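What follows is a short report on a single structure.
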Amino acid sequence: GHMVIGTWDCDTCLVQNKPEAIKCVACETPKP
Ligand SMILES: [Zn+2]
């Protein structure tokens with residue numbers, strides 16, 4: 001919640017996620 005921006009938005013389920021993750025947090029999609 002602090003200087004952690006960079007979240008990526010999905011393109012299949014339409015859901016944002018943290019850049020520290022490996023996949024989506026809604027559809028479980030493989031991060032690019
Ligand atoms: Zn997704």
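Along the chain as shown, residues are numbered 1 onward.
If you check the header, you will see the structure was determined by solution NMR.
Every residue gets a Cβ built from N, Cα and C, even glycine.
If you check Swiss-Prot, you get these features:
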- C10, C13, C24, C27: Zn(2+) 2 binding site (BINDING)
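The PDB entry has this to say about the protein:
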- 1-3: cloning artifact (SEQADV)
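Close to the recorded Zn(2+) 2 site, the chain also has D11, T12, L14, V15, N17, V25, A26, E28, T29: residues not among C10, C13, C24, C27 whose Cβ is within 8 Å of the site's Cβ mean position. Most Cβ neighbours within 10 Å among the binding-site residues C10, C13, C24, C27: this distinction goes to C24. Using DSSP to sort the residues of the cloning artifact (1-3) gives these counts of helix, strand and coil: 0 helix, 0 strand, 3 coil.
Secondary structure at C24 (Zn(2+) 2 binding site), taken from DSSP and collapsed to helix, strand or coil, is coil.
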